[PDB]
Amino acid sequence: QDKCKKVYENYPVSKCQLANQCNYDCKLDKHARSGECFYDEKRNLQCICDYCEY
């Protein structure tokens, strides 16, 4: 019921067109629960690592 998402303060912005690369990554690269490549009304994706996942 609180903050559980955090951008991977280290990752090459690329390879990201399926809930896997960033996903599986966070799911292990940062002992996370799940992740994904989220944009930002600018056209730039980022490896967002979710630990709680709603």
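Residues numbered from 1 in each chain as written, not as in the entry; some residues may be left out. Heavy atoms only, no water. Residues with missing side-chain atoms left out of burial classes, pairs and counts.

Section: the nonpolar core
Phase 1 of the analysis: Core analysis: the largest hydrophobic core is formed by five residues, namely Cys16, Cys22, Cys37, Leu45 and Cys47.
Phase 2 of the analysis: Filtering out sequence-adjacent residues up to four positions away, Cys37 remains in contact with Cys16, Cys22, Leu45 and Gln46. (Core = buried A, V, L, I, M, F, W, Y, C linked by side-chain atoms within 4.5 Å. Buried < 20%, exposed > 50% of the residue type's maximum accessible area, 1.4 Å probe, protein only. Contact = heavy atoms within 4.5 Å.)

Considering the state of the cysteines
Disulfide: a covalent bond formed between the sulfur atoms of two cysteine residues.
Phase 1 of the analysis: One pass over the structure, following the stated rule, counts four disulfides.
Phase 2 of the analysis: Shown here is the disulfide that connects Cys4 with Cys52, its sulfur atoms set 2.0 Å apart. On the S-S bond that ties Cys4 to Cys52, the torsion sits near 45 degrees, and the link is right-handed. Of the two residues, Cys4 is situated in the segment before β1 (5-7) and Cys52 in the segment after β3 (46-50); the sequence distance between them amounts to 48 residues.
Phase 3 of the analysis: One disulfide in the model links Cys22 with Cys47; its S-S distance is 2.0 Å. (Disulfide = S-S within 2.5 Å. Helix = DSSP H or I, 4+ residues; strand = E, 2+ residues; numbered from the N terminus.)

Describing helix α1 (residues 21-29)
Phase 1 of the analysis: Taken together, the buried positions of α1 are occupied by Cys22, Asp25 and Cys26. The buried residues of α1 occupy an angular sector of 95 degrees when projected down its axis, which confines them to one face. With respect to the buried face of α1, the exposed residues turned more than 90 degrees away are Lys27 and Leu28.
Phase 2 of the analysis: In this structure, the buried side of α1 is in contact with β2 (34-38) and β3. (Arc of directions from axis to C-beta.)

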